Each structure stands twice: as C-alpha cells, then as structure tokens.
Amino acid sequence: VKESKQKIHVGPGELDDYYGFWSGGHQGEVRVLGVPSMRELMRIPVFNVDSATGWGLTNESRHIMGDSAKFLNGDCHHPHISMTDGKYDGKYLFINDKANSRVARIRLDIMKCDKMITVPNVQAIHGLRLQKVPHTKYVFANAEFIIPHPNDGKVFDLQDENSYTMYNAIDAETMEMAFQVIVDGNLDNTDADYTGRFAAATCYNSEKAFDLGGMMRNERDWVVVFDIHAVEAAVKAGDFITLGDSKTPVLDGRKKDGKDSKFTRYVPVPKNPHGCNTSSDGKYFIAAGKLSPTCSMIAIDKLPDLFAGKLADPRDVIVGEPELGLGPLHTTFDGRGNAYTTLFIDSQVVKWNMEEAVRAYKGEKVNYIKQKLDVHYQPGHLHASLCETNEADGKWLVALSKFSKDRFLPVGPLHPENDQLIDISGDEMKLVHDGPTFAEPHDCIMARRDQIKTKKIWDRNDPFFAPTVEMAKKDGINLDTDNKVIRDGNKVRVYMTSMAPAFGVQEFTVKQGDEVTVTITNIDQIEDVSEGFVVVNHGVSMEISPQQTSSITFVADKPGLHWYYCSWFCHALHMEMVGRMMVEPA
C-alpha cells in the first residue's frame, strides 16, 4: 500500500522540482517549463524566427542555421536530452524538424540552439532519439518519406528500386552526419538500447504505398533493428557508398531476394506500429500497435542471437504482446516494472506490468493490467520522469492529448493541446493538472533540477558568437571596450559596448543604400540585465544579455533620421536608452 499524494502547488517564492523541455510543435521552438507547476519559464527559438531575441535575424543565428536560415518555419515533435552511462548528463537537447528535414542541438548551459544540420538526401525528419550507452555518441533520426535516388525529376515511381528512405546517425558532438542506412518501407519512431550496439525503429509503410489504404494493407509491418556495431565496422573498413554530393557513408540495410543485410533485422509487428520505446531496465524495445490493440515486446537480450543466425524466426525475439485497448500509440516507464501506454481511441492511459505480460504471452492466466485512467482527449505521447534513463523515478507522468474540447475556455476555431500532469508516485495514477499548450507540442522530456546547470552570464569566449569575435579581430576591434564605426566601401560596421542606460555609440551617419552591421557587446556583469536593440521601421531587433556579443545586418535604404532604441526594460531610464542613425541621400 502506497498512495499518490505529491504536492502540485508551487507558490510564490517556491521553486519547481523538475525542468520540462516541451517540443514547440508546428510553431518550431523549444519551451522550458517548471514541473509540477507546468509554467513556461523560457522559449528557446530553433526553427522559428523570434522577434524578441533576433534569432533568425542576427548574424550569429543565421550562421548556425546555414542556408536553411531562408526558412521561417519548422515542425517539431521529439525532444531528447544527452546521456552518459544511461543517465541524463545535462549537456545537450536535440530535436527534429519534419518540415525542412533538420536536426537541431540546444546547449543546456545557455539554453540556445548552437548547431543545426539539414540531413542530406532525405525528406522529413520525424522520429528521433539518442544513444544511451556508453554516452550519446549518435543522434538517431528517422526520415519518414520514401523518395527517388537521385530525386532529379527523371523518376517519380516510389516502387522503383532506387526509391527508399534511410535511417540517419548524426555525430552528437560535431553535429555532422555519421552514416545513413537504407531500409525497406518507411520509418516512424526509434529508440536505442542500454549498450550502444542496437537501435530500433517502427515502420508503418512496409507497403511503400502512397495512398492511405495502400499504407494499411499489411497485417504486419515491422520494427527494424539496427546492429550499430556492424554499421560502424563497415564504415571503418570503407565498405559503403555515397549519394549525390554528400560525403555521408551510406549502408544498404534492405533485404535482397529474402536475404538479410548484416546491418538490419526486420521483426514482424502489428500493425502500422507507432511508438518505439526502450524500457528503463534495458530489457525491451516496446512497439505500440496502433491499428492493433496491443504492444509488442522485443527482448533486447535475444537480438545477438537473432543477428548471429541462431534463431529460427525473427518473431522469436518477441516475448510479449499484451492486449491493452484501442489505439495504443506510445509507452513510458516508472522504473518500478510498470509500463504506461496511451490509448488514442479509448482516450486513456493504461498501466501494465511488463514481466506479467511476458508470462501471459507464454500462456499463464495472469492479469497484467493494473489501471486505466481517462484522459481528455485522444492522447498521443506520454512521458514519465527520467523514463529514458536507468534512473526512471516513477514520480510524474505527462500525457499529451490532441483534442482539448471543453477542458479550457473557448478561444475561437483553433484549440490548445491538453497536456495533463498525472501523479504516478503511488499505486494509483491520479490526474492533477490540465496544461493547455500551443501548436501541438506532441512530446516532452523531464529532468531533475540538479541535472541541469545553466550559466548566469555569458563567457566572452563562447563559441555561439566566436565568428563575430573573429570579424571584430579582422577590424582591429576589442569588443570589451571599443565604440567605433568602420567604413569599408558601401559597408558600415558599427561596434559598441552597451550598459544600461546608454548605448556606447549613440549616433552614427551613413549613406543611403549602405549595408550596416551593428555589433553590440553587453558589458554589464549583473545577472538578468538584458539589453535590446531595435531600428525603427527597418525590421531589426535583437537581444544582448550580460557579456554577450550580438550582431545584425540591414541596409539603410531610407534617407533621413531613423531612431534606434533598447527593447529590453533594463533600467529606470530605459525609455531614454536610444540613439540616432542619420542616412544621407545621394
């Protein structure tokens, strides 16, 4: 006997116990929440353009974004935190972009996106998860959509021998591609084991069909299992091809005339399986059945025998297939031996015992279902605290439901997502809070307060603006002290320190048509004194926090006097923290 009775109220002056990192959904950012209050503490821009901080306008952010800075949109789903020895290490958060086929890395000490990659030769990065052991060496990313190779407009047939999609491994630390594995069918979600050897992905379109009926044709799709060690061996030996103009090593993980690749095994699993979730004890890849009212449990410790050819049938690694309810989509873990699965149709979370399910699969009459909790309504992902680690603590569960209906005040034709906080600390799940959220966050991840360590003020050597420091060095500028205007043809490079309540350069004059770069270094040492910079009627806006250098470039296409001002309330004299750009005509 043990009751679910955790406190959910965080009053004024008290602090949350966990960080929550929510996907921004179709809006493209990442959001930091406090748990259990469920309040949003910060927004981290990634694929969106943020007016407030200038992400997508500043030179530092556009440098990180590369050519994809031309896109103003992203579509996020799956946020994950880097691990060492199967425990969160607080270093990085990674997230997908389904719309423009990217992966982004967030540095959790500064809470900013610091690296971004467009995955080559694929369309739509959706499923995403991290290697656990011995650390997050790879980020594993699913490209969802089958395309021709090359995709040059000669062939559109998705059944062509060179039409396929690929599993993607990105080097977590350099954020360069590591390798890609061609697969049969398509990819939905993915997860990794607790050794570094195996990873797995559900596939819903084993039919390689383009119509909805054609995609639900097979009684069984599969989860494809990857022998990452075998892939690495082939890469070290130079046994790969490359595609197009990408140097990324490409391995062929498809079945050929019924013959298995060395890199993959295809395990039959019903049906359009969706979630692919690794239990915190490291025993199982659990695939949610979706169109089948089941989950399929793959025994990770049978995978070595599978790849060695010691098992008679790939179905032999399946050790449980519990029947749970209608529309199972995703699974999470309390660390006590239970799994928690969302039932999209029944609109519930079902708590079930994994080892009891395994015994039932063998024929024992044992009820593995512990409880079903109604949620409101149509849940997709769910997430228990530390569930992706061997420290899963069984304290909090968030279920992310797609249809909020009447759970909040009406706000027009568009509705919020309902992210419901559930106490799982005791024997009985208890619903404690309804959290409305914008643009369908879809999935989220939690970390203990003591697993995250952030900077109070920037380091002057920070790589985030190192390229700007280098520019300054070429101009002979000391960013910590200088207030100078550099003239170079029709290019003007203004450098200034800023400290509330005065810009270090309070006026400058240019010629109509000049290309103006303004570089600002906030030389305050006081935490929380953020500064801003806005050029009126020129589309220019950015943040400069303490000890940060930020820069932005725009053309002075309008003659006359044009004001700039500090946007971040920084001082009692904030309204008066302003300057003048004077633009001479021809």
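Numbers follow the displayed sequence, beginning with 1.
Comparing the deposited coordinates for 561 to 569 and 8 to 16, the stretch with the larger average C-alpha B-factor is 8 to 16. Of the two segments examined, 522 to 530 and 26 to 34, it is 522 to 530 that shows the higher average Cα temperature factor in the deposited entry.
Highest CA B-factor among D334, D75, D109, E364, as stated in the entry: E364. Sorting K255, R102, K395, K491 by the CA temperature factor given in the entry leaves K255 at the top. Residue-level temperature factors show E543 in the highest third of its chain, judged at the C-alpha atom. The entry lists a Cα temperature factor for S82 that places it in the lowest third of the chain's modelled residues. Ranked against the other modelled residues of its chain, the C-alpha B-factor of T136 as given in the entry falls in the lowest third. Per the PDB record, residue ranking by Cα B-factor puts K402 in the highest third of the chain. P249: CA B factor in the lowest third of modelled residues in this chain (values from the PDB entry).
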